[PDB]
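Heads up, the thing below is written out as structure tokens.
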Amino acid sequence: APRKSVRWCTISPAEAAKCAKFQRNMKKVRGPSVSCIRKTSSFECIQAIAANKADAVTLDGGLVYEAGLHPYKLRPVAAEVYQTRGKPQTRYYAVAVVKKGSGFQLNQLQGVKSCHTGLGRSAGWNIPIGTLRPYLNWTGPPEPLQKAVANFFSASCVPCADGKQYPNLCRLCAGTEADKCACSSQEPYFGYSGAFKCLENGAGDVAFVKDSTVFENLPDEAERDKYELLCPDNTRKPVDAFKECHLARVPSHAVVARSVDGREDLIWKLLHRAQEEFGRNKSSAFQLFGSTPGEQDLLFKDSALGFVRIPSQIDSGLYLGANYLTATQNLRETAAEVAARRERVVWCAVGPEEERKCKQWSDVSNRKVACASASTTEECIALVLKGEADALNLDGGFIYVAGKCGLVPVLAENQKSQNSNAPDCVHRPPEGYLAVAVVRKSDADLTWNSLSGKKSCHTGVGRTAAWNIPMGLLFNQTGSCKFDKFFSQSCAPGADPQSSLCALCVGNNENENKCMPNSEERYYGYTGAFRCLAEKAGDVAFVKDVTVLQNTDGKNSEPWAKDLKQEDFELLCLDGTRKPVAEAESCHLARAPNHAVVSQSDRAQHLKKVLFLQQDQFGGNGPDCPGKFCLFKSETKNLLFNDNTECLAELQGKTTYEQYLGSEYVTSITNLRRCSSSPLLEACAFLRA
Ligand SMILES: OC[C@H]1O[C@H](O)[C@H](O)[C@@H](O)[C@@H]1O
Ligand SMILES: [Fe+3]
Ligand SMILES: [Fe+3]
């Protein structure tokens with residue numbers, strides 16, 4: 001029954017002491033028990049924690065990074081909240097503070113004395129240094145970054161730097177014999193306030209710190225007027241203009257724990273009791289977010305409002321975000337490597353068969369396009385959020401998720417026509433596609449109104465034509481969230497492998513990966529769903545009108561296909577009627593949005609350009625299409641894009657997910673969330689929070 005104690009890892013005597021006071025008062029409140037382990041630097045706790053020597057540590061965005069690096073695989077459990085009179089935030093602006101009358105501008109720091117909060121930290125290192133890389137005139141990795149900064153600045157105080165091989169980096173540092181340049185509050189110039197003092201005491205000419213830090217140390221407008229901020233546009237603005245004069249906006253610091261068996265639950269209860277009991281002004285016996293004057297930010301940043309729990313799937317990469325991840329990864333890559341990724345486009349292939357085709361695409365495009373792969377479509381979207389991939393073609397249903405996580409639709413899939421190949425198709429208004437409900441002419445017993453208890457074949461969960469649209473209309477008729485009980489058995493790749501929704505699914509050829517939501521599951525997709533019907537594994541199939549047409553009458557000559565006929569299948573109309581597959585325009589469940597490519601709003605324009613070219617070269621009218629590669633063909637497996645795609649068109653102004661999917665559907669998708677939500681959906685709720 002009993003659950004043990006959270007072992008918090010401290011980095012210096014001052015920190016231990018605070019921790020002890022923390023344990024003391026916690027037990028006195030008769031709440032969750034704490035324990036204080038002592039190592040000598042945040043870097044060390046990271047190691048301690050992963051080896052089960054400890055359990056938790058607060059870390060600045062920068063260290064969360066390394067903490068998440070392979071050998072350690074730690075993850076952010078709770079993010080600190082800060083308020084500098086707005087909405088408390090889980091982000092903060094990194095700034096560069098200087099005294100007035102110093103003259104520099106951000107592009108003239110060469111030879112200046114500088115004070116950093118510590119090696120590896122967001123505001124104090126990762127961000128300023130990435131901003132000044134263009135002036136370091138640095139080779140890249142072979143050559144230690146520490147070596148450049150050292151030649152760049154006349155002297156500095158960068159706690160945690162090799163004061164041995166690079167003394168220039170530790171030189172301004174005040175500290176006793178070996179306390180000098182310490183990676184703890186032993187070095188008086190460590191941290192936001194440390195770096196600030198190093199500035200006010202006249203040891204350095206520029207302090208690289210947090211937005212609040214000036215206001216924290218100088219409570220009077222008169223004294224702050226003695227200082228300014230260096231804006232990235234080579235001008236200087238007052239200290240309360242950080243909102244305009246910032247080098248960057250990073251994610252708050254965070255409590256990290258092990259990825260496996262980290263006791264996230266223990267840690268959260270502890271912190272929830274702590275805010276409640278010692279948060280801002282709650283108590284007087286102990287203040288969690290306050291420290292001694294000699295040393296600031298002990299255990300947590302002084303004056304933080306409290307914490308917010310970080311959902312489960314979120315790891316350090318997603319927590320930090322693409323913006324941050326790129327700039328940090330970019331301090332460990334060559335100039336050529338950076339510029340190279342910035343000009344290519346990384347597509348995210350979902351599943352083995354897609355990466356194959358993508359690889360063909362890459363080779364054939366002299367690598368203007370590279371690939372990235374995941375087992376699922378959610379994973380791809382995450383990759384895109386971490387910044388490891390640049391885009392992918394998504395179904396309306398997932399354009400919703402992508403949209404809720406901030407991605408925007410770039411171009412849309414225009415199916416092969418019909419009015420005139422008139423324009424090209426690039427300016428044709430996307431006209432969407434009809435979602436239908438298919439069954440065999442044979443079972444004539446069967447009517448929409450009789451699906452109850454019958455077998456179902458879905459393209460996959462989360463998708464428009466299948467799931468979203470039929471389940472949307474059924475939930476309306478039964479008011480029941482138990483989606484796994486309407487149809488007797490079903491195959492819907494993506495569901496709980498032990499639920500009836502995965503009953504009819506078949507996996508690859510050697511019957512492995514049953515129900516997985518990607519090509520490897522043979523009964524996956526429009527094509528897969530329809531087949532689940534033809535092979536009589538299911539009684540009704542949810543797909544689009546065209547899917548039948550493309551696999552009957554011998555068009556698809558795969559064994560199970562070959563013999564089928566437009567004639568063998570009819571659709572179930574909402575009014576209990578039944579029409580031939582051809583009368584779909586008068587017998588559909590809904591009008592869906594064509595699929596669409598999505599990317600971060602940043603990459604959109606470049607993405608477009610590269611795609612207009614790539615499809616002009618291998619598109620539906622691609623000169624080298626039959627010849628060397630057709631981007632829109634894949635042997636009816638609908639890899640990367642639909643096989644009937646003519647071209648990727650313009651959005652006609654519908655540039656946001658809401659605008660693109662449209663009112664209705666967006667709302668319908670939300671009513672369905674009432675029943676079930678996705679972990680990705682939640683992770684994004686927090687990040688976009
Ligand atoms: O009426 C259906 C329409 O739905 C959405 O607006 C799609 O973006 C569009 O392509 C489609 O024509
Ligand atoms: Fe920081
Ligand atoms: Fe779809």
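Identifiers for the structure tokens are assigned positionally: chains receive A, B, ... in sequence, residues are indexed from 1 per chain, and ligands are indexed from 1 in the order shown.
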
Give me, as a Markdown table, each residue of chain A that comes within 12 Å of ligand 3, together with its shortest interatomic pair and the distance in Å at one decimal, counting only C-alpha atoms and all ligand atoms, with rows ordered by chain and rising residue number.
```
| residue | atom | partner | partner_atom_place_in_ligand_line | distance |
| --- | --- | --- | --- | --- |
| A:393 | CA | ligand 3 | 1 (Fe) | 10.9 |
| A:394 | CA | ligand 3 | 1 (Fe) | 8.2 |
| A:395 | CA | ligand 3 | 1 (Fe) | 4.8 |
| A:396 | CA | ligand 3 | 1 (Fe) | 6.4 |
| A:397 | CA | ligand 3 | 1 (Fe) | 7.2 |
| A:398 | CA | ligand 3 | 1 (Fe) | 9.0 |
| A:399 | CA | ligand 3 | 1 (Fe) | 10.4 |
| A:413 | CA | ligand 3 | 1 (Fe) | 11.5 |
| A:432 | CA | ligand 3 | 1 (Fe) | 10.3 |
| A:433 | CA | ligand 3 | 1 (Fe) | 8.9 |
| A:434 | CA | ligand 3 | 1 (Fe) | 9.9 |
| A:435 | CA | ligand 3 | 1 (Fe) | 8.3 |
| A:436 | CA | ligand 3 | 1 (Fe) | 11.0 |
| A:458 | CA | ligand 3 | 1 (Fe) | 10.2 |
| A:459 | CA | ligand 3 | 1 (Fe) | 7.5 |
| A:460 | CA | ligand 3 | 1 (Fe) | 8.7 |
| A:461 | CA | ligand 3 | 1 (Fe) | 10.1 |
| A:462 | CA | ligand 3 | 1 (Fe) | 8.8 |
| A:463 | CA | ligand 3 | 1 (Fe) | 5.1 |
| A:464 | CA | ligand 3 | 1 (Fe) | 4.6 |
| A:465 | CA | ligand 3 | 1 (Fe) | 4.8 |
| A:466 | CA | ligand 3 | 1 (Fe) | 6.6 |
| A:467 | CA | ligand 3 | 1 (Fe) | 9.0 |
| A:468 | CA | ligand 3 | 1 (Fe) | 9.2 |
| A:469 | CA | ligand 3 | 1 (Fe) | 9.7 |
| A:470 | CA | ligand 3 | 1 (Fe) | 11.9 |
| A:524 | CA | ligand 3 | 1 (Fe) | 11.4 |
| A:525 | CA | ligand 3 | 1 (Fe) | 8.1 |
| A:526 | CA | ligand 3 | 1 (Fe) | 7.5 |
| A:527 | CA | ligand 3 | 1 (Fe) | 11.0 |
| A:529 | CA | ligand 3 | 1 (Fe) | 11.3 |
| A:542 | CA | ligand 3 | 1 (Fe) | 9.8 |
| A:543 | CA | ligand 3 | 1 (Fe) | 7.7 |
| A:544 | CA | ligand 3 | 1 (Fe) | 7.8 |
| A:545 | CA | ligand 3 | 1 (Fe) | 11.5 |
| A:546 | CA | ligand 3 | 1 (Fe) | 11.9 |
| A:547 | CA | ligand 3 | 1 (Fe) | 10.9 |
| A:590 | CA | ligand 3 | 1 (Fe) | 11.6 |
| A:591 | CA | ligand 3 | 1 (Fe) | 11.0 |
| A:592 | CA | ligand 3 | 1 (Fe) | 7.8 |
| A:593 | CA | ligand 3 | 1 (Fe) | 8.4 |
| A:594 | CA | ligand 3 | 1 (Fe) | 7.8 |
| A:595 | CA | ligand 3 | 1 (Fe) | 6.9 |
| A:596 | CA | ligand 3 | 1 (Fe) | 10.3 |
| A:638 | CA | ligand 3 | 1 (Fe) | 11.3 |
| A:641 | CA | ligand 3 | 1 (Fe) | 11.0 |
| A:642 | CA | ligand 3 | 1 (Fe) | 9.8 |
```

Item to complete: Return as a VMD selection string every polymer residue, whether protein, DNA or RNA, with at least one atom no more than 8 Å from an atom of ligand 2; count only C-alpha atoms and all ligand atoms.
Response: chain A and resid 60 to 62 94 117 121 to 124 191 to 192 209 to 210 252 to 253

Worksheet item: Of the residues A:412, A:266, A:502, A:548, which is the one nearest to ligand 1, using only C-alpha atoms and all ligand atoms?
Response: A:412

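Residues with any atom within 9 Å of residue 288 of chain A, counting only C-alpha atoms and excluding same-chain neighbours fewer than 6 positions away, are residues 18, 22, 274, 275, 277, 278, 279, 280, 299, 300, 302 and 303 of chain A.
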
Resulting file, chosen residues, N, CA, C and O atoms, as a PDB file, in the first residue's frame:
```pdb
ATOM      1  N   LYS A  18      18.363  24.581   2.038  1.00  0.00           N
ATOM      2  CA  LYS A  18      17.006  24.931   1.629  1.00  0.00           C
ATOM      3  C   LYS A  18      16.190  23.657   1.543  1.00  0.00           C
ATOM      4  O   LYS A  18      15.072  23.589   2.050  1.00  0.00           O
ATOM      5  N   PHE A  22      12.963  22.469   3.523  1.00  0.00           N
ATOM      6  CA  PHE A  22      11.846  21.974   2.716  1.00  0.00           C
ATOM      7  C   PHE A  22      11.327  20.638   3.274  1.00  0.00           C
ATOM      8  O   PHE A  22      10.125  20.478   3.489  1.00  0.00           O
ATOM      9  N   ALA A 274       3.352  21.200  -2.132  1.00  0.00           N
ATOM     10  CA  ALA A 274       4.241  22.307  -1.885  1.00  0.00           C
ATOM     11  C   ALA A 274       3.638  23.653  -2.278  1.00  0.00           C
ATOM     12  O   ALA A 274       3.625  24.557  -1.455  1.00  0.00           O
ATOM     13  N   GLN A 275       3.136  23.811  -3.504  1.00  0.00           N
ATOM     14  CA  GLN A 275       2.557  25.105  -3.868  1.00  0.00           C
ATOM     15  C   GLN A 275       1.444  25.467  -2.881  1.00  0.00           C
ATOM     16  O   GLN A 275       1.406  26.572  -2.335  1.00  0.00           O
ATOM     17  N   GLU A 277       0.818  24.540   0.037  1.00  0.00           N
ATOM     18  CA  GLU A 277       1.304  24.817   1.375  1.00  0.00           C
ATOM     19  C   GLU A 277       2.379  25.894   1.553  1.00  0.00           C
ATOM     20  O   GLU A 277       2.397  26.555   2.579  1.00  0.00           O
ATOM     21  N   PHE A 278       3.274  26.078   0.587  1.00  0.00           N
ATOM     22  CA  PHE A 278       4.323  27.090   0.735  1.00  0.00           C
ATOM     23  C   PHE A 278       4.455  28.029  -0.457  1.00  0.00           C
ATOM     24  O   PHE A 278       5.395  28.820  -0.535  1.00  0.00           O
ATOM     25  N   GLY A 279       3.517  27.926  -1.388  1.00  0.00           N
ATOM     26  CA  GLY A 279       3.546  28.753  -2.580  1.00  0.00           C
ATOM     27  C   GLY A 279       3.614  30.231  -2.276  1.00  0.00           C
ATOM     28  O   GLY A 279       4.105  30.623  -1.216  1.00  0.00           O
ATOM     29  N   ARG A 280       3.121  31.064  -3.190  1.00  0.00           N
ATOM     30  CA  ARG A 280       3.176  32.496  -2.944  1.00  0.00           C
ATOM     31  C   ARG A 280       2.160  32.953  -1.893  1.00  0.00           C
ATOM     32  O   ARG A 280       0.938  32.853  -2.071  1.00  0.00           O
ATOM     33  N   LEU A 299      16.883  25.446  -5.586  1.00  0.00           N
ATOM     34  CA  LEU A 299      15.880  24.426  -5.869  1.00  0.00           C
ATOM     35  C   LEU A 299      14.871  24.848  -6.962  1.00  0.00           C
ATOM     36  O   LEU A 299      14.519  24.024  -7.795  1.00  0.00           O
ATOM     37  N   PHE A 300      14.424  26.113  -6.962  1.00  0.00           N
ATOM     38  CA  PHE A 300      13.454  26.648  -7.951  1.00  0.00           C
ATOM     39  C   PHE A 300      13.690  28.129  -8.231  1.00  0.00           C
ATOM     40  O   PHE A 300      14.367  28.764  -7.440  1.00  0.00           O
ATOM     41  N   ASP A 302      13.205  31.742  -7.710  1.00  0.00           N
ATOM     42  CA  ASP A 302      12.570  32.606  -6.741  1.00  0.00           C
ATOM     43  C   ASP A 302      11.393  33.280  -7.420  1.00  0.00           C
ATOM     44  O   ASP A 302      11.498  33.697  -8.570  1.00  0.00           O
ATOM     45  N   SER A 303      10.278  33.396  -6.721  1.00  0.00           N
ATOM     46  CA  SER A 303       9.126  34.084  -7.281  1.00  0.00           C
ATOM     47  C   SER A 303       8.360  33.415  -8.405  1.00  0.00           C
ATOM     48  O   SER A 303       7.593  34.086  -9.098  1.00  0.00           O
TER      49      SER A 303
END
```

Practice prompt. Write out as a VMD selection string which residues come within 12 Å of residue 516 of chain A when counting only C-alpha atoms, dropping same-chain ones fewer than 5 positions away.
Written response: chain A and resid 350 to 352 374 to 377 459 to 461 491 to 497 501 to 502 505 to 508 511 521 to 525

Discussion item. Which residues are near segment 97-102 of chain A? Cut-off 12 Å, only C-alpha atoms, ignore same chain within fewer than 6 positions. Put them as an NGL selection string.
Written reply: :A and (108-109 or 112-116 or 123-124 or 128 or 192-193 or 195-215 or 223-231 or 235-242 or 245-247)

Worksheet item: From the list A:234, A:415, A:126, A:326, which residue is nearest ligand 1 when using only C-alpha atoms and all ligand atoms?
Response: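 The closest residue to ligand 1 is A:415.
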